[PDB]
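Position one of the first sequence corresponds to residue 346 (our numbering), numbered consecutively onward. Note that beta-carbon positions come from the ideal geometry of N, C-alpha and C, so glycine has one too. To start, the structure under review is shown below, and the notes come after it.
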Amino acid sequence: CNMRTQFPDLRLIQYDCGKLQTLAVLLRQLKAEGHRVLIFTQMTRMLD
DNA sequence: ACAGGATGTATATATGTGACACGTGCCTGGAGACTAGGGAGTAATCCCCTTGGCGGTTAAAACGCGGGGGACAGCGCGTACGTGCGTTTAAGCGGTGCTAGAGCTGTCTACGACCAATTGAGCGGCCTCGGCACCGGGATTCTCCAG
């Protein structure tokens, strides 16, 4: 099955998107400090 | 699971009350030469309305879910409508036998169109109050269980 058709991963949604990559790094670094975060974005379906 | 007993077709035939054929005539297309007016072919103006869609919030759909009271099936019975039979009513299918009134023809005005003016409705274009529209009471009115 794997060797005949390749489907998009769908699991790690940070794959294509460098915005989410740097956000993952940033949130991971902030987690040690644990002081909590507001993440603002317009585009209601980007919050998804 | 039959058979009298009816009713319904199917096939054939013929001559006479309607379908076709043929000649005529004569009103009506067809053909032709002018004269607009009408409509087409562009060229300008003014609108509205889609642009692509997004993410907030709302009303309207849409869905769950009980349950109740109507949609049907069952059963019955009790008229009432068809079925058939005898009568008789009166319509049909031909006739005779007037004259009322279509249908037409002609004649001739009153009537319609044109026809250039003329003007006075009328329609558009803003303005400005009343009049519905929605609201917020409280008081009569229904609807639903409850005895």
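*Starting from the C-beta of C362, find all residues in its chain whose C-beta is less than 8 Å away, skip the five residues before and the five after it, and write them out in chain order.*
none
_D354 to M348 span [Cα, whole Å]_ = 15 Å
*Roughly how many angstroms separate the alpha carbons of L365 and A377, rounded to a whole number?*
19 Å
*asked:* Can you tell me whether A369 is helix, strand or coil according to DSSP?
replied: helix
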